[PDB]
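# Structural features, examined
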Amino acid sequence: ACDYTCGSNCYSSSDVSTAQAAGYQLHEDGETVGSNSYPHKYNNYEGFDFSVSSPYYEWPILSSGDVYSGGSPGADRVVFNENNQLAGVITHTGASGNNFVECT
């Protein structure tokens, strides 16, 4: 009964919207955090079928429930668009190399 299951990680829609709110504000503020500068453009190399419109931005969602603030990003991400609409929750867990797969 996870709202989203990323490997052995379990996220609720509430966890996802809390992560999305912090990431979108950073986006809107035109700021970033961490060595890899999150949030940033998510191009959809995977060709996932997102229902919302481009552009997409990837922001880390942490299994610890704390909001990402610059450290190790982990394998899971929340992808939201320019309008602050959730596109999907994805993960490196189960995918090869740097690819992603959608969290069920």
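Regarding how it was determined, this PDB entry cites X-ray crystallography in its header, along with a resolution of 2.000 Å.

## What to know about helix α1 (residues 13–28)
Compared with an ideal rise of 1.5 Å per residue, which puts 16 residues at 22 Å, α1 spans 22 Å between its outermost C-alpha atoms and is within 8% of the ideal. Buried within α1 are the following residues: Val16, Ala19, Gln20, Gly23, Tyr24, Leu26 and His27. Angular distribution of buried residues about the axis of α1 spans 155°; they occupy a single face of the element. Of the surrounding elements, those touching the buried residues of α1 are β1 (4–6), β2 (9–11), β4 (56–60), β5 (76–81) and β6 (86–91). Looking at the residues trailing α1, positive phi occurs at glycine 30, about 60°.

## Quick notes on the sheet that holds strand β3 (residues 40–42)
Spatially, the five strands line up as an open sheet ordered β3-β4-β5-β6-β7, and their pairing is antiparallel. Two strands bound the open sheet, and with one partner strand each, they are β3 and β7 (101–102). Taken together, the five bridges between β5 and β6 define a ladder with antiparallel strand orientation. Considered in β6, the bridge of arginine 77 is made with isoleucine 90. Each of β4, β5 and β6 touches α1; the most contacted strand, β5, lies at about 60° to it.

## Looking at the state of the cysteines
Formally, a disulfide is one covalent bond, and it connects the sulfur atom of one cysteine to the sulfur atom of another. With the rule as written, the count across this model stands at two disulfides. In this model, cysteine 6 is linked to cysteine 103 through a disulfide, with the two sulfur atoms separated by 2.0 Å. Across the S-S bond linking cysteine 6 and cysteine 103, the dihedral sits near 115°, which makes this disulfide right-handed. Residue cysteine 6 is found in strand β1, and its partner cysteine 103 is found in the segment after β7; the two are separated by 97 residues along the sequence.

## Focus: the packing of aromatic side chains
As enumerated under the stated definition, the model contains eight aromatic pairs in all. Where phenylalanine 50 meets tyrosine 56, the ring centres are 5.0 Å apart and the plane angle is 70°; that geometry is what we call edge-to-face. Judged by centre distance (5.6 Å) and plane angle (80°), the rings of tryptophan 59 and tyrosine 68 are edge-to-face. Here the two residues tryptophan 59 and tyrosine 68 agree in accessibility, since each one is buried. Ring-pair connections join several aromatic residues into one group, and the members of that group are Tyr42, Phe48, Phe50, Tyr56 and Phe100. The positively charged end of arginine 77 is found above the aromatic ring belonging to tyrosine 38, 5.4 Å away from the centroid.

Reading the values: the criteria
Sequence-order numbering is used: residues on each chain count from 1 as written, possibly diverging from the entry numbering, and only residues with coordinates are shown. Side-chain measures here rest on the full set of heavy atoms in the structure, leaving out hydrogens and waters. Helix and strand assignments come from DSSP, with helices taken as H or I runs of at least 4 residues and strands as E runs of at least 2, each series counted from the N terminus. Expected span, for any helix, means 1.5 Å times one less than how many residues it has. Burial classes: relative accessible area under 20% of the type maximum marks a residue as buried, over 50% as exposed, and values in between as partly exposed (1.4 Å probe, protein chains only). Here the arc refers to the set of directions running from the helix axis out to each C-beta atom. Here, two residues are considered to be in contact whenever any of their heavy atoms come within 4.5 Å of each other. What makes two strands pair is DSSP finding at least two bridges between them. Fitted lines through C-alpha atoms serve as axes, helices being fitted only where they are in contact, and the angles separating the N-to-C directions of these axes extend from 0 to 180 degrees. Throughout, a disulfide means two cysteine sulfur atoms within 2.5 Å of one another. Aromatic pairs are defined between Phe, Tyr and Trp rings, using the six-membered ring for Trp, whenever the two ring centres lie within 6.5 Å; interplanar angles under 30 degrees are classed as stacked, those over 60 as edge-to-face, and all others as tilted. Geometrically, a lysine NZ or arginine CZ counts as sitting over a ring once it is within 6 Å of the ring centre and also within 35 degrees of the ring normal.

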